[PDB]
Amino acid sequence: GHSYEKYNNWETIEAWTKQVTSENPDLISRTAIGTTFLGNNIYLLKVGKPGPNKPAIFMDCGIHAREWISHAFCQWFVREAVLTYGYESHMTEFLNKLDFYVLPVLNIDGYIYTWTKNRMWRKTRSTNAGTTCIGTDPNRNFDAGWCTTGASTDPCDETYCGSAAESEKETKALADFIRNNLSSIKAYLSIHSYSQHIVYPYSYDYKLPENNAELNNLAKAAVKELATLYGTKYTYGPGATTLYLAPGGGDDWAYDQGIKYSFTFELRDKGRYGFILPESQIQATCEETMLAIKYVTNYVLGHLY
């Protein structure tokens, strides 16, 4: 009982990854890139018309368990790819020329826990030595300025950085995947909520990236594209300057691997519902977000490297 306009539990998303791939075998393939702490398969969808030597864009959702609109968006993206390939000029060009590696739910164990026990859970569900506090923040667990200010050394904290960079199976799986395909991946997109913000590097330190001007301009344009639909207002900028220090993030790690187009999207809303965004807003949120993602994709295509 999957619906793109409702939040779906993991069993349902999992079955959807299988069914959407089987229904669209010339546009989608599915692999498991690793397993979670609790043993769940971490699925990755490769969306695109197969071809030789294609560049790729990587996008993850559901790094954080409670950010349900993020998981909903990755599903929406794949929905749009299969629905509009052959029917809309831009998406057609995109899937011909690029592959999208879409990881619909990174932190599966945490996501299950938000359905069963605690709707507000954020972290993974791994154990910690010397305490009964559970979990590591995957977005403080990447090897980029790892465990500095903005992450916590306290396992009971929401920004706990883990026992070591890539301590979490989920983080290692994602990083291993990108490392194994680094020469093909041209952009990194990470979907989160909330606050209506596009972030680009850096978040692990107060410093601006080599291509700050370009990323500023691209973010500004993507935010403009997004607003055209419903007038939804996003702000944007380097992470540590706009948001806060948040070291060990996947976006900064990917950027330092040489993926120069790297962004974090914080979706709706601005705090009225916060993480508990009503299902009635999934459609509008996803449709407007699609415009910003497509804008960035089209830009990357015009600026291959």
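Start at 1 and count along the sequence shown; that's the residue number.
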* Structure fact -> Quick note on 196-204 and 80-88: per-entry mean CA temperature factor is higher in 80-88
* Structure fact -> Quick note on 184-192 and 215-223: per-entry mean CA temperature factor is higher in 215-223
* In the PDB entry, which of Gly62, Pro247, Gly237, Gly51 has its C-alpha at the highest B-factor? -> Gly51
* With respect to the C-alpha temperature factors reported in the PDB entry, which of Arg66, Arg30, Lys260, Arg268 ranks highest? -> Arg30
* Asked: Within this chain, which third does the Cα B-factor at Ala151 fall in: lowest, middle or highest?
  -> middle
* Ranked C-alpha temperature factor of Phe100 among modelled chain residues, by third -> middle
* Would you mind ranking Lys169 by its C-alpha B-factor against the rest of the chain and naming the third, lowest, middle or highest? => middle
* To do: Comparing against every modelled residue in the chain, figure out the third that the C-alpha B-factor of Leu106 lands in (lowest, middle or highest).
  => lowest
* **Ranked against its chain, the third holding the CA B-factor of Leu38** => highest
